[PDB]
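Colleague: Before we start, here is the structure in question, set down as structure tokens.
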There are 2 protein chains.
Amino acid sequence: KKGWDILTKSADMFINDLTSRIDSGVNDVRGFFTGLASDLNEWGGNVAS
Amino acid sequence: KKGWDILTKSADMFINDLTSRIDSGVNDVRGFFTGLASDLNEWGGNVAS
């Protein structure tokens, strides 16, 4: 039982990386919403001025 | 008995994985909230202009 955990040291860390791949989700929307805000602050702030 | 958790610790991990859809995927506690905090800069940029 000691001499095998090395074989899930692999399985479980792949699932950790898959959390990082799922971490595309929040970083996408966080990027999109603040990108939209930046464009709206641009066209708004520019057309206003 | 050693290797006979390999394909099944992973069977824990396959939803330790998919629940990352909440911690990293949609992640509403960050997703839209980081939006809302930037809307204040849109409002501020406009109002100041």
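What follows draws every value from the coordinates through simple rules; no lab data is involved. Neighbour counts are summed over all protein chains in view; Cβ atoms, including those assigned to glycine, are modelled from backbone coordinates with ideal geometry.
Colleague: May I have the convex hull volume per residue, in Å³, for the Cα set of the protein assembly as shown?
Modeller: Details: hull volume 8.1 nm³, N = 98.
Once divided by residue count, the hull of the protein assembly as shown is 82 Å³.
Colleague: What whole number of Å gives the distance from the Cα centroid of the stretch A:16-49 to the Cα centroid of the stretch B:1-48?
Modeller: 15
Colleague: To test your reading of the geometry: what angle, between 0 and 90 degrees and rounded to tens, separates the Cα axis of helix B:6-18 from the longest principal axis of chain B?
Modeller: So the inclination is approximately 10 degrees.
Colleague: Can you give the three extents of the C-alpha atoms in chain B along their principal axes, from longest to shortest, in whole Å?
Modeller: 71, 12, 9
Colleague: Right, something else. Is there a simple number for the mean count of other chain Cβ atoms within 10 Å of the Cβ of residues in B:14-26, and what is it?
Modeller: Details: counts 3, 1, 5, 9, 4, 2, 9, 3, 2, 5, 10, 9, 4.
So the per-residue partner count for this stretch is 5.
Colleague: Note down the nm distance, to one decimal, between modelled labels 7 Å out along Cα→Cβ at B:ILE22 and at A:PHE32.
Modeller: About 2.2 nm, to one decimal.
Colleague: Another question, if that's okay. Using a label point 7 Å beyond Cα on the Cα-Cβ vector, give me the inter-copy distances for B:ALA11 in nanometres, one decimal, shortest first.
Modeller: Result, one decimal in nm: 0.9.
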